[PDB]
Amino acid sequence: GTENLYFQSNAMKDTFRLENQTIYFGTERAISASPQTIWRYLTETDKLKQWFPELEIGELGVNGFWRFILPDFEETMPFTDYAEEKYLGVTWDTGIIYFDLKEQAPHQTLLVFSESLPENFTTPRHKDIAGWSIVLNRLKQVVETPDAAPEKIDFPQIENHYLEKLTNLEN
């Protein structure tokens, strides 16, 4: 299987910082499509669900929002920033996720993902980061190869990797 190598290849530019108990995480995905194509996967429910099945669009625009839906739980996630085909900031748990679509070439984009995880995050922070790394890998895969089989990943292994990254930030 190629799952381990695909995961490593997409973790290459993970970055972490700790400031005043808040963890900041950044990563990047090089995706062979235009920013306009990738923007649809953040702003249309049928595309958003291809990579993050629990999410749906609420509304778009400067007052837009996503919704997170599970059988036992629904929540709205207001946008904190919105620029068509450029960037999107969304409330996430007690912090923020941010998508920045950087054009590399007419059909190549660097999607720069960054996140703020305060100490009161409800999910253990390394598990939330592991989850984002996994679904961002799926986003790249569905944009480039729409019917590739999903990655059979080893969640505990990925979660441990991120545990060690965060633990290293402690003084």
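Sequential numbering from 1, following the sequence displayed.
Higher average CA B factor: 69-77, of the stretches 69-77 and 86-94.
Taking only CA atoms, the mean B-factor in the PDB entry is higher for 151-159 than for the other of 7-15 and 151-159. Considering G26, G131, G61, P106 together, the PDB entry gives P106 the largest C-alpha B factor.
Annotation for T45: CA B-factor lies in the lowest third of the chain's modelled residues. Annotation for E119: C-alpha temperature factor in the highest third relative to the rest of the modelled chain, per the entry. Ranked by C-alpha B-factor against the other modelled residues of its chain, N137 falls in the lowest third.
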